[PDB]
Every structure is written in C-alpha cells, then in structure tokens.
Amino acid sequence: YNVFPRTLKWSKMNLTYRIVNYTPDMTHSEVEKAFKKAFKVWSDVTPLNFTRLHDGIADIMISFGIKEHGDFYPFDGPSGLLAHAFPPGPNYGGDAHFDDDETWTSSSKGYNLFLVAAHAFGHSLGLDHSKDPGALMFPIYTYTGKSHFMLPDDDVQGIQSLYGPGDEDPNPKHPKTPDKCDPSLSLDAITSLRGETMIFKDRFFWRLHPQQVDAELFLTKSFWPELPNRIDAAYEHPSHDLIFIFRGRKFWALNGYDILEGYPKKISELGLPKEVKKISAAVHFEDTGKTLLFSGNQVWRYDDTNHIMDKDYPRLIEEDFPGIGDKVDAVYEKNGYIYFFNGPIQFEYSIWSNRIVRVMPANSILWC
C-alpha cells in the first residue's frame, strides 16, 4: 500500500456523501446500492461511517461526467480512464467523478460501478495506488469475479494505517497476495507459455521469462476473465500454440487470450471415469504427443495426438515415479527432467536415469 504525502487523513469519523447525478445505464436504486456497498467495504474495517445526504454540500461529492466535465482533468470517452478521485481535503478533496462514456453495470459487463467506486473511494480516504497486483488499490482495473467481494489485505493494512480498526469486521480473514519467497509456498499449476514459465497460485500466476530473475505477478482474470480464480492443473501444447487449464471437472483450451470453440468441456471426454473429480497436475510431452494427468495417487497417460487414453492406465504414482510421495500438486518438464511439486518441496525427476536427481524448495523456481 501507499498513502499520500503528509498522510492526508480525514480528522472526522462520521463522513458525508452525495450522489449529484446518475448513470443512464443503471437505475437510481441499483446505483445507490453500489456506492453504499462501496463505502461498506471501507467502513467494515475502520472506525469510519458514511451518511448519504440528499442535497447541498457533502464531504464526498459523487458525480458523472463526460470528456471535459468541469475539472482541469477530462475523461477520455469509452474505456481508458474509468474515474478519478481527490485525496481527503476541503472542497474538491474527497470528491470522485466517474466517466459517463462507460457502460456502468452491476455485472461482469461494461465496468462494474461498485468495483470502480470501492477503488476510487479509497483515494478519497487517503490511499494512494498500490504496487501489489492483489490489492484493490492497484492502478489497473480488473473484474474481480462474480463471487462475493472481499477486500484484499494490502488494502485493509493501508486504510488501518490511517484510521482502523473498527469494532467488528464481519469477516476478518482478508486475501493476502502470495509471497514468492516464502519457503512454505506451494504451487497450484505450472506451464510453459510461449517460452515463459507460468506459475499458478490462487487467483494469480507468476510469469517468469527465461531471461529474467524476478517474475511478474498477474491476476488470472486479468488475462482470462472467464477462467476461475483457483486453477487445479495446466499444460501446454507448444507446437500447436495452446495451453490447457483444469479446474474441478471442467477443462479449457486457450489460444493466447481466448477460449477455443466450445470450451470448457468435461474431463470425462478426456476418458477419465466419474469418480475422478479433479486433475491435480498435468504435463505434456511434445516429443511423444502424450500427456500425463495426475489425480490422487494415480496417473493417466492420454494421447494428445490421437485423442484417447493409453491402455494400461491408471497406474499408481508410486510405481511409475517412486519417492515423491503419493500426490502431485503441479508438474512441468524441461529437457528430460520432470519437476514434481509436493507441498513446499520440489523433486527433480530424471527420465534418463529414471530417478530423482536433486531435491529443492518449490519456490526456487521463483529464483528465491
């Protein structure tokens, strides 16, 4: 998190707001419910408290504008700048204006008025932009998800640096964004994508280019709004330029930024039984056209080329790769070496000598 210079703080807990005008794309009530939801976010974790006025002059003055709309800073038509806010202060201070060239909705369409407000209200309460991609106060918009909204920990920490906490936060457990260097870090799925390493953990993935040491951290819905937050497993078909992604019984094929025709499919179509309710980890071998799919203590070998499970499967992980425990969280392969992630550990399995070369902390893929 970041606060503003001089630590611009409201000195009163009971504040006021006023919705000057409204977006055509929404109903007055749908709009009032949003902003009210948006302050609730901040109020739930601070001594703060918000009261809507219906006339005159409030602390936070909320209006909708187009292009040049009053203040020296103009809006930019559709997309681009979504809104802006001023830090706590006397007049323009606390205000937030929203772009009216936008399709405001309370859904996954247009731009979510409640999401954009929650963010922009933060500025109004003294929070500057955060560098954490996990934070609400991150400079770039991303539709969080359909699921019920939780305020990220970075934000809770930042706002409480100013005011908080309050008496009863209705759900104390706020999502921390993963730590690349925590030696207890365990991974969800791993894949190559266009030469780079993709490492999934929660609602994020790291992308780590062979030539970099610090990976970048994306939110998964930043790339693929449609995919879930947590991923079970992932693998690539490189030559065919494509990445497969698993969660529960659904699985997606993706070419760069878009889902393929008629995905997701059920894993049953892959030949798996019905009692198998998730793929834990998966790796494709371009050499041979086959894909390993791990589930529980078992492993399937599917023929990615000819679309059929190999015969003699499933087999037990403990037979075909002994000594890596009986589960596989994530796996990828590189140049004859398979990397098997079991909790905070990673095993380097040599196909060549058919055994474990070395053993190392899972996060050492993240240059830790």
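Don't overthink the numbering: it's just position in the shown sequence, from 1.
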| said: Averaging CA B factors per stretch from the PDB record, which one is higher: 110 to 118 or 170 to 178? | reply: 170 to 178
| task | Mind pulling up the entry and telling me whether 204 to 212 or 143 to 151 has the higher mean Cα temperature factor? | result | 143 to 151
| message | Take the CA temperature factors straight from the PDB entry and tell me which of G195, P264, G89, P183 peaks. | response | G89
| query | Which is it among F218, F72, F98, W252: the one with the largest CA B-factor in the entry? | reply | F72
| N342 - which third its CA temperature factor falls in, relative to the rest of the chain | lowest
| Position of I19 among the chain's modelled residues by C-alpha B-factor, lowest, middle or highest third | middle
| Taking the C-alpha B-factors as the PDB entry records them, is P47 in the lowest, middle or highest third of its chain? | highest
| note | On the chain's distribution of Cα B-factors, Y1 falls within the third called middle
| request: Among all modelled residues of this chain, ranked by Cα B factor, put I351 in the bottom, middle or top third, i.e. lowest, middle or highest. | output: middle
